[PDB]
J.: 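Could you have a look at this structure, given as structure tokens, before my questions?
All values below come from the heavy atoms of this structure, side chains included, with hydrogens, waters and symmetry mates left out. Ligands are counted one by one from 1 in listed order, and the atoms in each one are counted from 1 as well. Chain naming here is simple, since letters A, B, ... match the order of the sequence lines and numbering starts at 1 in each.
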Protein chains: 4
Amino acid sequence: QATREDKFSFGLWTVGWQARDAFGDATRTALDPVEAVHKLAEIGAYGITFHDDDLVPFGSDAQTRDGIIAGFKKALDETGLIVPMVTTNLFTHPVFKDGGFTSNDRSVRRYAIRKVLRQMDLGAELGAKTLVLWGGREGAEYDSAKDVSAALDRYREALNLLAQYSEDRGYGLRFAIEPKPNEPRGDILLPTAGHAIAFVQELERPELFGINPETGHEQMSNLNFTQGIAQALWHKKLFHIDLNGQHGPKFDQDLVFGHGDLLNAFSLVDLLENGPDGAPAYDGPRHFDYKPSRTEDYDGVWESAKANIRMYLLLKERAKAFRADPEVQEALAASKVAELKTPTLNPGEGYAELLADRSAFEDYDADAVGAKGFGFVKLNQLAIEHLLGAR
Amino acid sequence: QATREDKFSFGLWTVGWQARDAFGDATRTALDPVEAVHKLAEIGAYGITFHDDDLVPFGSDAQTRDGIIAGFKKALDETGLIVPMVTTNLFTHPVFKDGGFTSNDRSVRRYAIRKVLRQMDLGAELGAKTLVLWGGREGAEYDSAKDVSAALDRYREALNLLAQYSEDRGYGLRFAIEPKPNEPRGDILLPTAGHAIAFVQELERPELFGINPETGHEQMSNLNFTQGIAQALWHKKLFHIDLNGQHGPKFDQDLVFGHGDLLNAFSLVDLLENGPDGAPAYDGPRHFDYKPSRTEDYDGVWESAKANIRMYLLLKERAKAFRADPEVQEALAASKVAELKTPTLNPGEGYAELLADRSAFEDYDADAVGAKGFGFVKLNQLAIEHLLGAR
Amino acid sequence: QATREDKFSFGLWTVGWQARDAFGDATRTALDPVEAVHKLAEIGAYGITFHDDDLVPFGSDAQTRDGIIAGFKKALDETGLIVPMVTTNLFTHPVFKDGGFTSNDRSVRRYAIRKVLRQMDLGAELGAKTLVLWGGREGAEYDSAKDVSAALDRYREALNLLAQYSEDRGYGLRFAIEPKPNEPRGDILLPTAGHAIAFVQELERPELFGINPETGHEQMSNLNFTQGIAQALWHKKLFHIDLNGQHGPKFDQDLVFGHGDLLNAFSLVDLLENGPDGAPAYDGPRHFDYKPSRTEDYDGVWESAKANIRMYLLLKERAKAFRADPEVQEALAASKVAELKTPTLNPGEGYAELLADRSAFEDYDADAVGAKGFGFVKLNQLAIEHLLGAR
Amino acid sequence: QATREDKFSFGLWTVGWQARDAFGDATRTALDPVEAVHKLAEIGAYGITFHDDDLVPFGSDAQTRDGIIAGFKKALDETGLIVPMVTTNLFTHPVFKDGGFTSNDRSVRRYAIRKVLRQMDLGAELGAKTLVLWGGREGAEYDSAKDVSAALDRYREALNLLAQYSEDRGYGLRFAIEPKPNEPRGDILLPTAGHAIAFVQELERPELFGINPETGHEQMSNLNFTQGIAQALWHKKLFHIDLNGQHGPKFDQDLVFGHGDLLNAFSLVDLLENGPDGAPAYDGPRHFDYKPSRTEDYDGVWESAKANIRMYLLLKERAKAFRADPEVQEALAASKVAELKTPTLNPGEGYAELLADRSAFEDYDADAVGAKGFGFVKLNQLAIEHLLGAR
Ligand SMILES: [Co+2]
Ligand SMILES: [Co+2]
Ligand SMILES: [Co+2]
Ligand SMILES: [Co+2]
Ligand SMILES: [Co+2]
Ligand SMILES: [Co+2]
Ligand SMILES: [Co+2]
Ligand SMILES: [Co+2]
């Protein structure tokens with residue numbers, strides 16, 4: 001059982017995906033936002049997220065726009081769901097074919113900022129704390145078409161303005177850049193969690209910025225998602241997280257969480273949940289940015305929504321059991337995992353004391369240490385047995 | 001023809017690779033270091049680099065070690081070759097099986113630092129300006145075997161110490177971390193140029209740290225090498241560069257520069273040479289970190305060394321011609337490449353002035369703008385025709 | 001300049017792609033088929049191809065359908081273009097979400113066969129020689145959802161029937177199966193040229209079936225396209241070929257031919273054209289199944305169509321220069337490329353005679369042989385210099 | 001617990017890998033073959049396999065070779081282990097740098113065949129029923145270095161001779177070609193199970209030839225291993241199987257079976273054991289071609305050997321429970337998996353009758369069928385809940 005304390009959130013564009021892929025028409029009808037709110041509340045979600053254009057059709061008059069916001073607001077009220085994050089669609093409309101913030105056309109860049117400021121207003125009105133930015137069209141198909149340096153300057157210029165506004169309007173938002181390596185552009189700017197983190201460090205108010213890494217996005221480059229999250233945590237830049245499944249380097253599948261690389265899904269829950277001193281290492285929403293397979297109907301849709309929660313809770317349960325097992329505890333000791341936490345240097349020791357320590361070099365028996373095993377296969381086998389419910 | 005001004009450098013371990021691979025014995029006999037200096041001098045190299053263990057066999061007594069250094073310096077002297085960079089082998093010896101700076105074993109970590117300090121002294125002695133650090137054994141095969149957070153702490157602890165020592169001693173070294181996603185470990189820490197840049201920003205004297213990206217390592221994850229270099233230059237962290245060739249995600253091939261992704265090799269040379277003024281955007285060594293194919297004998301080795309320089313100079317020549325062509329200037333103008341360099345905002349404009357601009361949103365005709373083409377294919381076609389010498 | 005003897009053909013869906021991708025709306029209006037015929041004739045194509053549904057909108061009444069065909073035939077008549085191949089759309093309509101021929105649903109399988117029979121009729125009437133079969137929806141997202149063996153039985157069962165019909169109606173069609181590893185299904189059946197050839201060999205009239213490999217599809221799995229086509233030719237199963245560009249394992253890009261892996265596009269043209277007896281090893285249509293980038297308008301569309309032709313002809317010209325070069329001739333000899341064509345055994349020798357030859361084993365000096373280099377790097381370097389027009 | 005009925009086998013080179021990788025020295029001392037026989041027997045293996053050079057050091061005199069073989073045979077006798085398959089090392093020695101059967105050098109091709117003939121004799125004497133052929137060095141790093149067509153001719157030439165010798169000597173061996181896409185050559189000939197199957201079909205006696213696919217090798221190309229295995233079984237060419245783990249496209253990891261893509265390992269075990277008629281679909285050895293991680297000592301080596309067997313048995317148990325679950329059955333029925341096994345055409349129905357059925361076209365409601373969901377997600381969720389031991 002999922003509790004609001006689990007903080008499971010879903011994008012309106014997830015369960016609402018009509019299943020129109022690059023090779024075929026939609027196989028499902030449109031989902032009414034209000035119905036989505038009731039259905040998610042019902043399956044145990046604590047919040048919902050949306051792109052401006054997911055809730056209000058691109059180009060609605062203010063009268064329509066207003067009406068829709070009012071109804072949505074009611075649904076949230078009745079159900080108790082919150083809106084932890086909002087995002088803006090800077091990829092669908094043809095105007096954004098070369099990007100929003102980094103489009104070579106100056107007018108498109110001005111327009112993309114306006115579109116986002118607007119969405120920031122709605123977000124603040126609904127109580128959202130995080131603005132997610134997915135630069136899906138920022139990038140290129142050909143190297144000579146995009147000056148990357150100029151593009152990074154323009155990405156920065158735009159973000160700096162957004163932070164200025166939020167701070168001045170007192171919205172208290174946090175901004176999360178969502179990395180993706182490719183698709184739809186041949187190559188997208190800020191392709192990995194690493195590139196996104198390095199970029200944020202260059203903004204005017206870096207403390208207001210972090211990343212929203214997605215499971216399948218890092219897997220599209222065959223990277224270890226868990227290891228990348230660990231690095232994001234070390235930097236304290238994990239502001240949000242998108243969970244889903246993928247089968248390596250191919251199109252973005254966005255399967256249910258745990259339906260792609262299952263072993264990494266397991267190490268991931270372990271990392272987020274078995275944080276320092278019992279407590280989770282991460283406190284934000286556990287957001288599912290996935291798609292119900294094109295072969296399913298609305299029944300299949302609700303099923304897949306629940307499978308995400310289910311997968312996360314089954315994995316958590318096994319990660320807990322894994323760590324609580326005295327035999328794992330023994331294997332951890334033998335592999336010296338915790339010894340990495342002890343500083344390499346003694347207290348107050350510097351280069352000179354180290355250079356004078358003959359045991360660290362002159363009298364060190366590299367051959368003898370080189371022969372002891374780490375017992376890593378055995379620890380790994382113990383984890384998988386916990387995952388399989390065999391221990 | 002290569003000039004010293006071209007700054008082509010080679011690792012002793014490139015031409016000296018005996019071609020012992022993961023599945024077979026060495027097909028070439030050892031290359032003598034003095035001989036290497038002399039042959040490299042002859043093909044046009046301006047400098048040579050080496051790992052400690054490439055020059056002085058692991059465990060050589062001091063008399064021996066001393067002897068080799070003297071001979072080496074004499075060859076340097078006679079040919080006029082310099083040592084722009086040096087590195088340390090923290091991957092071959094069995095003691096380094098779980099890493100050097102981040103081994104679970106505390107004693108290996110202490111010994112790893114001592115091994116590098118020692119190599120710093122020699123680099124300082126030879127006039128080297130950069131210390132390259134390739135953390136090839138830092139990472140894991142299994143997620144539960146390595147605490148990433150603690151590993152980054154210990155990687156940082158070791159680098160802070162290295163910088164302290166260099167600065168106290170007045171060595172003037174710059175430190176360049178070299179990223180690699182995998183091999184030999186299942187996953188290596190700091191897998192891409194981005195991850196390495198983000199990491200470096202967290203050290204005690206960041207100004208002293210940068211990266212040494214390798215063409216093939218970014219390609220092992222299917223990333224755009226030119227595009228990652230552009231971001232590195234934007235951050236001003238491109239301290240050195242390793243040029244070679246690769247065919248996508250598979251084992252590290254280390255082919256001659258330009259023998260893998262030729263189009264990306266072309267866009268890379270254009271980026272480095274057709275810099276800001278008219279001047280190169282990058283002023284350091286053009287280092288070839290490649291391996292002569294195992295099927296080749298020493299004539300093949302020397303041929304492959306020259307091929308590296310030849311590919312660079314041929315691409316440079318076409319990159320220059322590309323930029324000088326009036327038809328290219330016209331295509332650049334139609335694709336609005338330079339328009340990206342113009343700030344999105346007018347001087348003195350903030351969010352208040354932007355919100356007041358009805359033309360940036362309320363009266364913006366997105367449909368009309370979305371219908372004009374960027375002419376990117378045509379620009380790409382002209383570039384390719386310059387590469388093929390078709391124009 | 002392109003001549004009709006070059007046999008450049010294009011699908012109506014290539015230049016006609018409106019650029020609606022998985023993440024955005026169409027950026028171009030629909031292309032009139034008659035206009036398409038005219039435009040293509042002007043750029044040098046010798047033929048056009050299409051899916052039933054590209055020409056005649058799904059669900060057109062007889063009258064309309066008839067109407068369309070007649071205008072289409074007129075345009076061909078007027079222009080001199082032929083229809084070398086026709087294919088059927090079994091991927092767009094929601095009914096084919098689980099496949100056409102191997103849908104779990106039997107009624108869909110029966111419907112798919114009917115839909116193809118109809119296209120075979122139109123194809124025969126237009127003079128097409130080849131029926132291309134692209135099983136884009138044949139596959140699965142989940143392993144337990146598709147019995148592969150049963151799917152292969154049903155695939156075979158449908159193809160046997162089509163051959164039967166063609167032969168009885170006297171159409172004289174050849175069938176070409178087009179492999180693709182994934183997209184739109186998580187995994188597609190007959191994922192590579194290899195798997196498709198193996199399958200075809202199990203049909204009732206195997207001499208009527210071959211493959212239609214596409215450059216990008218094999219590259220999506222990081223395979224060597226030229227090498228796979230060389231195997232297809234060895235088997236005599238290259239019934240057709242789709243030329244385009246791709247940048248390794250990622251979504252299907254469908255770039256202009258030679259805009260992806262340039263070195264492999266070069267070796268491919270050399271293989272097809274520099275066939276034995278001076279003559280091309282392949283005599284069918286050089287078909288471009290590519291897509292004008294979404295950033296482009298109709299001018300970029302015709303520009304991209306011409307670029308496909310120009311790329312092929314520039315590569316052809318360099319592949320011939322390469323083979324005609326005496327130094328290449330000398331490098332080929334040193335590499336023993338042609339010695340591979342001489343049988344391993346002397347005429348009349350069998351295992352008995354080989355076992356009696358002490359020189360092949362007992363007295364063989366493996367060590368002296370293993371020390372000689374093949375000069376492959378030098379040969380590669382010469383190929384590339386020819387590609388760069390540097391020789 | 002493994003029984004001899006489980007038919008688990010290991011190559012001497014698996015537990016015997018000294019862990020010398022491409023970047024480092026061995027971390028383990030050599031394993032005595034007799035000791036390996038005893039240890040394997042002890043963990044439950046029914047057989048052992050080996051390359052000629054694993055047992056008898058390359059270049060041993062006949063007296064030495066004969067002694068090794070005799071001691072070997074005694075161990076086999078005393079433990080009751082058998083030798084189900086043997087193989088030949090055609091990749092280690094420098095002489096094989098351009099391949100064995102397909103080296104451009106004629107004399108190497110002759111020597112390669114004699115090395116294999118000699119191993120067939122020893123195989124036949126130890127009772128081996130399968131000869132595995134892994135052409136690790138047959139391929140190229142550069143496209144112009146190898147005539148593929150000539151290479152396939154030579155490959156075929158060598159294989160026909162081997163079948164001939166075997167048949168004449170009454171050895172009754174079956175031959176299994178083992179595909180691999182790359183490593184150690186840039187591109188290896190016959191890269192996937194598909195390509196090997198298509199090739200085998202062209203030999204003089206195809207019935208004696210099949211494939212020895214390895215889990216990681218197909219995953220190196222990001223292909224679906226279970227799905228390719230399903231196709232191999234449909235062709236009846238699965239003569240042997242190598243089980244291991246891999247994490248997508250990167251160097252060959254050869255991890256314990258199930259430690260790579262766990263979900264694919266689970267569906268593979270289901271396919272092999274839950275064959276048609278209750279019984280397994282495959283009855284050959286379950287061979288582990290893996291390597292104990294370089295971080296391990298001999299304790300870790302035996303732990304990893306046992307992990308392979310444990311992994312197989314755990315997955316088998318879960319696969320069995322999966323299929324005996326009435327809810328799973330119900331989901332299978334709802335997903336129509338079995339309906340694929342029913343011919344598409346009715347008994348005696350031909351194209352004439354198909355064309356006459358208006359229910360297959362004229363009166364087919366594509367739109368209504370297209371709207372029904374297949375329930376695939378739900379089925380996948382039950383599969384994973386079984387693997388997790390949650391059901
Ligand atoms: Co995604
Ligand atoms: Co996401
Ligand atoms: Co490398
Ligand atoms: Co390097
Ligand atoms: Co195609
Ligand atoms: Co394609
Ligand atoms: Co392997
Ligand atoms: Co194997």
Side-chain angles (χ1 to χ4, degrees), chain A residues 11 13-14 17 23 91 134 136 178-184 188 212-220 225 242-246 250-255 257 260 287-291, chain B residues 9-11 13-14 49 51 85 87 91 132-136 176-180 183 211-218 220 240-244 246 252-254 257 287-291, chain C residues 9-11 13-14 22-23 49 51 85 87 91 132-136 176-180 183 193 211-218 220 240-244 246 251-254 257 285 287-291, chain D residues 23:
Chain A
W13 69 88
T14 70
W17 187 61
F23 297 86
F91 51 89
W134 175 56
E178 176 167 353
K180 198 186 189 176
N182 64 253
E183 199 193 33
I188 291 175
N212 181 41
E214 180 174 292
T215 310
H217 296 183
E218 308 295 300
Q219 298 178 164
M220 278 167 77
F225 186 73
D242 280 358
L243 303 170
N244 75 354
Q246 169 76 21
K250 56 172 68 164
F251 66 103
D252 181 38
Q253 296 197 267
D254 286 359
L255 304 170
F257 176 63
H287 184 253
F288 303 103
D289 173 8
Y290 90 105
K291 291 172 173 47
Chain B
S9 57
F10 289 84
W13 75 85
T14 70
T49 71
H51 289 84
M85 171 283 270
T87 187
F91 50 91
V132 155
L133 298 112
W134 174 59
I177 293 328
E178 178 171 359
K180 206 193 177 171
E183 195 195 39
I211 57 166
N212 177 49
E214 180 178 292
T215 311
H217 301 171
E218 294 311 293
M220 283 171 71
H240 196 267
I241 205 175
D242 271 3
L243 305 171
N244 68 5
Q246 177 74 25
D252 183 29
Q253 297 194 266
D254 277 22
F257 173 62
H287 185 246
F288 298 108
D289 184 359
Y290 91 111
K291 285 171 176 49
Chain C
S9 61
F10 294 79
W13 69 89
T14 72
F23 297 85
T49 78
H51 296 77
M85 174 275 280
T87 180
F91 51 91
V132 158
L133 300 131
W134 176 57
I177 296 323
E178 170 160 6
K180 201 179 173 177
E183 199 187 32
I211 62 168
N212 179 49
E214 180 177 296
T215 312
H217 303 169
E218 306 296 300
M220 285 173 62
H240 193 267
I241 192 166
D242 272 0
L243 302 175
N244 72 0
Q246 174 68 29
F251 70 100
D252 188 33
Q253 305 193 261
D254 283 13
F257 174 67
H287 181 253
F288 304 107
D289 180 7
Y290 87 110
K291 278 168 179 45
Chain D
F23 300 82

J.: Once the angle between the rings of B/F10 and B/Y290 is folded into 0 to 90°, is it parallel (under 30°), tilted (30 to 60°) or perpendicular (over 60°)?
T.: perpendicular

J.: Please find the N/O/S atom of C/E214 nearest to the Co ion (ligand 5) and write down its name.
T.: OE1

J.: Kindly confirm whether the Co ion (ligand 1) is within less than 2.8 Å of some N/O/S atom in A/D289?
T.: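 For A/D289, the answer is no, given that no N, O or S atom comes within less than 2.8 Å of the Co ion (ligand 1).
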
J.: If we ignore angles and hydrogens, is there a donor and acceptor under 3.5 Å between the side chains of C/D289 and C/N244?
T.: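 Looking only at side-chain atoms, C/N244 and C/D289 do not form any donor-acceptor pair under 3.5 Å.
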
J.: Do you know which N/O/S atom name in A/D254 is closest to the Co ion (ligand 1)?
T.: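 In A/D254, the heteroatom (N, O or S) nearest the Co ion (ligand 1) is OD1.
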
J.: Look at B/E178 and state whether any of its N, O or S atoms is less than 2.8 Å from the Co ion (ligand 4).
T.: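 Yes.
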
J.: Under the 3.5 angstrom rule, does the side chain of B/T87 hit a backbone N or O of B/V132 as a donor-acceptor pair?
T.: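 The answer is yes, because a donor-acceptor pair under 3.5 Å joins these two groups.
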
J.: Have a look at A/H217 and say which of its N, O or S atoms is nearest the Co ion (ligand 1).
T.: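 Relative to the Co ion (ligand 1), the closest nitrogen, oxygen or sulfur of A/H217 carries the name NE2.
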
J.: Measure from the side-chain N and O atoms of C/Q246 to the backbone N and O of C/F251, and report whether any donor-acceptor pair falls under 3.5 Å.
T.: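 Such a contact is found between C/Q246 side chain and C/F251 backbone.
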
J.: Given 3.5 Å as the limit, does a donor-acceptor pair link the side chain of C/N212 with the main chain of C/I241, or not?
T.: yes

J.: Can an N, O or S atom be found in A/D242 less than 2.8 Å away from the Co ion (ligand 1)?
T.: no

